[PDB]
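As C-alpha coordinates, one chain now follows by itself in the form deposited in one PDB entry.
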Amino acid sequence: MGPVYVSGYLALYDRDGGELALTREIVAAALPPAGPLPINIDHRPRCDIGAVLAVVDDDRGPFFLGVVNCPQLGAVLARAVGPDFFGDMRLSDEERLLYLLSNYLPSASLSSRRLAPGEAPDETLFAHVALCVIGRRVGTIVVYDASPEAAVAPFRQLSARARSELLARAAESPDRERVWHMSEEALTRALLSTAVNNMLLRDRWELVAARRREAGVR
(Lines give C-alpha, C1' and ligand atoms only; values in the text may rest on other atoms or scores of the structure.)
Protein backbone atom coordinates (compact mmCIF):
# COMPACT_ATOMS: atom_id res chain seq x y z
CA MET A 1 0.00 0.00 0.00
CA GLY A 2 2.07 2.92 -1.41
CA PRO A 3 2.82 6.51 -0.24
CA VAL A 4 0.63 9.52 0.45
CA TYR A 5 1.54 13.13 -0.27
CA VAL A 6 0.73 16.13 1.84
CA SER A 7 1.21 19.79 1.12
CA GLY A 8 0.44 23.23 2.36
CA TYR A 9 1.64 26.59 3.59
CA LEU A 10 3.78 26.34 6.69
CA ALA A 11 3.13 30.06 7.28
CA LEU A 12 1.62 33.11 5.49
CA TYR A 13 3.68 36.34 5.54
CA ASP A 14 2.09 39.35 7.32
CA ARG A 15 -0.81 37.35 8.80
CA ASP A 16 0.22 36.28 12.32
CA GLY A 17 1.94 38.22 15.09
CA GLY A 18 4.09 38.09 18.17
CA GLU A 19 5.77 34.75 18.57
CA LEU A 20 4.13 33.25 15.51
CA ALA A 21 4.96 35.60 12.72
CA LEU A 22 7.45 34.43 10.06
CA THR A 23 9.50 36.97 8.21
CA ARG A 24 10.73 36.87 4.66
CA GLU A 25 14.39 37.25 5.71
CA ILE A 26 14.21 34.50 8.16
CA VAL A 27 12.43 32.17 5.74
CA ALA A 28 14.94 33.16 3.06
CA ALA A 29 17.77 32.41 5.49
CA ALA A 30 16.24 29.09 6.50
CA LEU A 31 15.97 27.48 3.01
CA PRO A 32 16.80 25.02 1.77
CA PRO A 33 16.47 23.18 5.07
CA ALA A 34 19.79 21.74 5.99
CA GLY A 35 18.74 18.23 6.91
CA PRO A 36 15.83 15.83 6.52
CA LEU A 37 12.72 17.55 8.06
CA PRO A 38 10.58 14.87 9.49
CA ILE A 39 6.83 14.79 9.70
CA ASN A 40 5.15 13.52 12.85
CA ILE A 41 1.83 13.62 14.60
CA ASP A 42 1.17 16.47 17.07
CA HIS A 43 4.90 17.04 17.65
CA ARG A 44 5.36 13.63 19.31
CA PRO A 45 8.86 12.15 19.28
CA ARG A 46 9.13 8.50 18.26
CA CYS A 47 6.21 9.30 15.96
CA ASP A 48 7.74 9.99 12.52
CA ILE A 49 5.54 8.84 9.67
CA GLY A 50 7.14 10.78 6.84
CA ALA A 51 9.30 13.67 5.71
CA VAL A 52 9.18 17.04 3.95
CA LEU A 53 10.47 16.48 0.46
CA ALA A 54 10.82 20.14 -0.31
CA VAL A 55 9.92 23.57 0.93
CA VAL A 56 9.76 26.65 -1.30
CA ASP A 57 9.49 30.37 -0.76
CA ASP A 58 6.21 31.20 -2.42
CA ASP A 59 5.13 34.85 -2.55
CA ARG A 60 2.57 34.34 0.16
CA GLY A 61 4.73 32.18 2.50
CA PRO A 62 6.85 29.07 2.77
CA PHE A 63 5.02 26.13 1.20
CA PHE A 64 5.85 22.45 1.61
CA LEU A 65 5.36 19.05 0.07
CA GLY A 66 5.68 15.91 2.13
CA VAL A 67 5.53 12.19 1.81
CA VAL A 68 3.78 10.08 4.49
CA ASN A 69 4.56 6.45 4.04
CA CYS A 70 3.57 4.34 7.02
CA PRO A 71 1.58 1.17 6.20
CA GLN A 72 0.22 0.76 9.75
CA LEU A 73 -1.25 4.19 9.68
CA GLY A 74 -3.75 2.90 7.09
CA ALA A 75 -4.43 -0.27 9.05
CA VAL A 76 -5.17 1.66 12.21
CA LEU A 77 -7.44 4.27 10.63
CA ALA A 78 -9.30 1.68 8.49
CA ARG A 79 -9.86 -0.54 11.53
CA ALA A 80 -11.40 2.40 13.38
CA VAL A 81 -14.14 3.37 10.95
CA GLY A 82 -17.52 1.90 11.60
CA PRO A 83 -19.20 -0.24 9.00
CA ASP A 84 -21.64 2.44 7.68
CA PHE A 85 -19.37 5.46 7.68
CA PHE A 86 -18.88 5.14 3.89
CA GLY A 87 -22.54 4.20 3.23
CA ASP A 88 -22.72 2.27 -0.05
CA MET A 89 -19.37 3.47 -1.41
CA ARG A 90 -16.63 1.02 -2.16
CA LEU A 91 -13.26 2.62 -1.66
CA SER A 92 -9.74 1.43 -2.20
CA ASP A 93 -7.62 1.19 0.83
CA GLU A 94 -5.66 4.17 -0.57
CA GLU A 95 -8.81 6.29 -1.04
CA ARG A 96 -10.14 5.53 2.43
CA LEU A 97 -6.84 6.43 4.05
CA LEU A 98 -6.76 9.73 2.10
CA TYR A 99 -10.19 10.67 3.22
CA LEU A 100 -9.64 9.68 6.90
CA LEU A 101 -6.36 11.51 7.13
CA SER A 102 -7.76 14.59 5.47
CA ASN A 103 -10.44 14.88 8.05
CA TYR A 104 -8.66 13.59 11.12
CA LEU A 105 -5.47 15.63 10.70
CA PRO A 106 -6.31 18.65 8.51
CA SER A 107 -3.53 21.03 9.60
CA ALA A 108 0.20 21.30 9.91
CA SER A 109 2.52 23.03 12.40
CA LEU A 110 6.14 23.85 11.69
CA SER A 111 8.39 23.85 14.70
CA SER A 112 11.69 25.74 14.62
CA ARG A 113 14.77 25.83 16.81
CA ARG A 114 15.30 28.48 19.41
CA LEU A 115 18.17 30.83 18.36
CA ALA A 116 20.89 31.86 20.75
CA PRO A 117 21.66 35.57 21.30
CA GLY A 118 22.99 37.35 18.18
CA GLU A 119 22.98 34.07 16.33
CA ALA A 120 21.80 34.81 12.77
CA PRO A 121 19.14 32.33 11.58
CA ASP A 122 20.33 29.83 8.95
CA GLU A 123 19.41 26.55 7.25
CA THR A 124 19.23 24.79 10.64
CA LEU A 125 16.14 26.76 11.80
CA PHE A 126 13.26 24.43 10.88
CA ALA A 127 13.04 21.28 12.94
CA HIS A 128 10.00 19.37 11.79
CA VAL A 129 6.39 19.48 10.72
CA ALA A 130 3.58 18.11 12.79
CA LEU A 131 0.24 17.07 11.53
CA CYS A 132 -2.50 18.22 13.82
CA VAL A 133 -6.13 19.24 13.85
CA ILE A 134 -5.69 23.06 14.07
CA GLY A 135 -2.40 24.87 13.65
CA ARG A 136 -1.92 28.15 15.43
CA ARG A 137 -0.70 29.97 12.29
CA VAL A 138 -3.07 31.49 9.81
CA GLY A 139 -3.85 29.33 6.75
CA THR A 140 -1.99 26.18 7.82
CA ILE A 141 -4.35 23.64 6.24
CA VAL A 142 -3.00 20.62 4.45
CA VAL A 143 -4.22 18.64 1.46
CA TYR A 144 -3.38 14.91 1.23
CA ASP A 145 -3.53 12.96 -2.02
CA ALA A 146 -2.04 10.14 -4.13
CA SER A 147 0.52 12.11 -6.15
CA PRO A 148 2.52 15.21 -5.39
CA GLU A 149 0.68 16.85 -8.31
CA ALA A 150 -2.72 16.17 -6.87
CA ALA A 151 -1.60 17.20 -3.35
CA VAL A 152 -0.62 20.76 -4.46
CA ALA A 153 -3.31 21.27 -7.08
CA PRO A 154 -6.00 22.76 -4.84
CA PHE A 155 -3.77 25.71 -3.74
CA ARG A 156 -5.01 28.34 -6.09
CA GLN A 157 -2.74 31.19 -5.06
CA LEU A 158 0.45 29.17 -4.99
CA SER A 159 2.60 30.70 -7.75
CA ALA A 160 3.25 28.60 -10.85
CA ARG A 161 6.91 29.24 -10.38
CA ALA A 162 6.91 27.95 -6.78
CA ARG A 163 4.85 24.86 -7.66
CA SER A 164 7.37 23.99 -10.39
CA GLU A 165 10.38 24.34 -8.08
CA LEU A 166 8.51 22.41 -5.41
CA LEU A 167 7.66 19.36 -7.46
CA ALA A 168 11.11 19.27 -9.08
CA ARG A 169 12.98 19.37 -5.84
CA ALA A 170 10.63 16.83 -4.29
CA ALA A 171 11.30 14.37 -7.14
CA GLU A 172 15.00 14.56 -6.29
CA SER A 173 14.67 14.24 -2.51
CA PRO A 174 16.54 11.26 -1.03
CA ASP A 175 13.63 10.58 1.33
CA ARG A 176 11.09 10.16 -1.42
CA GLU A 177 11.19 6.37 -1.57
CA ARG A 178 11.44 5.83 2.22
CA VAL A 179 9.23 3.85 4.56
CA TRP A 180 8.31 4.48 8.12
CA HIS A 181 7.12 1.27 9.80
CA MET A 182 5.58 1.96 13.18
CA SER A 183 3.94 -0.15 15.84
CA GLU A 184 0.13 -0.22 15.44
CA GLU A 185 -0.20 0.08 19.13
CA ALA A 186 1.95 3.28 19.34
CA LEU A 187 0.00 4.82 16.44
CA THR A 188 -3.31 4.05 17.96
CA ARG A 189 -2.14 5.82 21.09
CA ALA A 190 -0.80 8.87 19.23
CA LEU A 191 -4.06 9.26 17.35
CA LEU A 192 -6.22 8.78 20.40
CA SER A 193 -4.13 11.53 22.01
CA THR A 194 -5.10 13.77 19.14
CA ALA A 195 -8.78 13.22 19.80
CA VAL A 196 -8.64 13.58 23.53
CA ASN A 197 -6.60 16.74 23.31
CA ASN A 198 -9.04 18.22 20.83
CA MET A 199 -12.25 16.81 22.23
CA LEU A 200 -13.30 20.19 23.77
CA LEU A 201 -12.40 22.30 20.74
CA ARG A 202 -15.45 24.35 19.76
CA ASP A 203 -16.56 25.10 16.16
CA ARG A 204 -13.70 23.08 14.71
CA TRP A 205 -15.20 22.76 11.17
CA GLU A 206 -15.82 26.51 11.09
CA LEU A 207 -12.10 27.17 11.99
CA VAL A 208 -11.00 24.61 9.34
CA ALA A 209 -13.10 26.36 6.70
CA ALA A 210 -11.45 29.63 7.85
CA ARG A 211 -7.99 28.07 7.49
CA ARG A 212 -8.90 26.90 3.98
CA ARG A 213 -10.20 30.31 2.94
CA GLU A 214 -6.91 31.78 4.33
CA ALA A 215 -4.71 29.33 2.42
CA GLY A 216 -6.71 29.94 -0.80
CA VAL A 217 -8.29 26.46 -1.18
CA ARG A 218 -11.85 26.41 -2.73
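Quick note: we count residues from 1 along the sequence shown, nothing fancier. What we label the rigid core is the largest C-alpha set whose atoms superpose within 1.5 Å from one form to the other.
Although not depicted, the form deposited in another entry is the subject of the following passage.
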- Message: Superposing on the rigid core, I want to see if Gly135 changes position between this form and the one not shown - specifically a Cα shift of 2 Å or more.
- Response: yes
- Query: Cα of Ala80 displaced 2 Å or more between this form and the one not shown, core superposed?
  - Reply: yes
- Message: Once you overlay the rigid core, does the Cα of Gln157 travel 2 Å or further between this form and the one not shown?
- Response: no
- Message: Please check whether, in that other deposited form, the CA atoms of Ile39 and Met199 lie closer or farther apart than here, given a change of 3 Å or more.
- Response: farther
- Versus the form shown, are the CA atoms of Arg137 and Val52 closer or farther apart in that other deposited form, given a shift of 3 angstroms or more? farther
